[PDB]
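Everything on this sheet refers to the single structure shown next.
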Amino acid sequence: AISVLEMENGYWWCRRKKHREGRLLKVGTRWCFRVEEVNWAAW
Amino acid sequence: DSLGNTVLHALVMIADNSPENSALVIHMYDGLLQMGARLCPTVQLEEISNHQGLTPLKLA
């Protein structure tokens with residue numbers, strides 16, 4: 001995680017641009033992140 | 001199916017070594033095996049193989 005958060009900044013001679021993950025609506029009157037999973041938790 | 005799996009092979013596939021899951025798989029397998037003895041009992045359901053030749057016992 002530390003290595004990822006350090007590399008994402010970029011080199012000192014060339015600063016990059018970052019990007020977000022996922023995009024949804026406000027879900028009723030909100031940049032979300034889908035996560036699938038499989039579970040037989042008693043249905 | 002396209003892979004050759006029958007109803008019994010799918011029940012082996014969906015198992016994942018869990019308490020409730022194992023109980024459900026065992027109950028459904030036993031029920032299907034018993035019901036197979038009443039409808040067309042001239043054939044055995046535990047001898048049909050996939051395109052790889054495996055049976056439910058070997059596949060498990």
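For the structure tokens, the naming scheme is as follows: chains receive sequential letters (A, B, ...) according to their order of presentation, residues are indexed from 1 within each chain, and ligands are indexed from 1 in presentation order.
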
Could the residues of chain A within 9 Å of chain B, counting only C-alpha atoms, be given as a list in words, please?
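Residues satisfying the distance criterion: residues 40, 41 and 42 of chain A.
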
Using only C-alpha atoms, which protein or nucleic acid residues come within 12 Å of residue 48 in chain B? Drop anything in the same chain fewer than 4 positions from it, and give the result as a count of residues only.
16

List the neighbours of residue 31 in chain B out to 12 Å using only C-alpha atoms; skip same-chain residues closer than 5 positions along the sequence, and give me the result as a ChimeraX atom specification.
/B:7-8,11,24-26,36-38

Hey, what's within 12 Å of range 28-38 of chain A if we count only C-alpha atoms and toss same-chain stuff fewer than 6 positions away? As a PyMOL selection string, please?
(chain A and resi 19-22) or (chain B and resi 14+16)

Return as an MDAnalysis selection string the full set of residues in chain A whose backbone-based DSSP assignment is helix (DSSP H, G or I).
chainID A and resid 2:7

Between B:3, B:45, B:60, B:10, which has the minimum distance to residue 33 in chain B (counting only C-alpha atoms)?
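When distances to residue 33 in chain B are compared using only C-alpha atoms, the smallest one comes from B:45.
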
Residues of chain A classed as strand (DSSP E or B) by DSSP on the backbone are to be reported as a PDB file with C-alpha atoms, in the first residue's frame.
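The result, stored in result-v1.pdb:
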```pdb
ATOM      1  CA  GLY A  10       5.125  10.006 -10.130  1.00  0.00           C
ATOM      2  CA  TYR A  11       8.695  11.089 -10.694  1.00  0.00           C
ATOM      3  CA  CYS A  14       7.174  14.576 -14.331  1.00  0.00           C
ATOM      4  CA  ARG A  15       4.085  14.718 -12.113  1.00  0.00           C
TER       5      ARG A  15
END
```

Just the number, please: distance in Å from CA of residue 41 in chain B to CA of residue 22 in chain B, one decimal.
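Here the two named atoms are 26.6 Å from each other.
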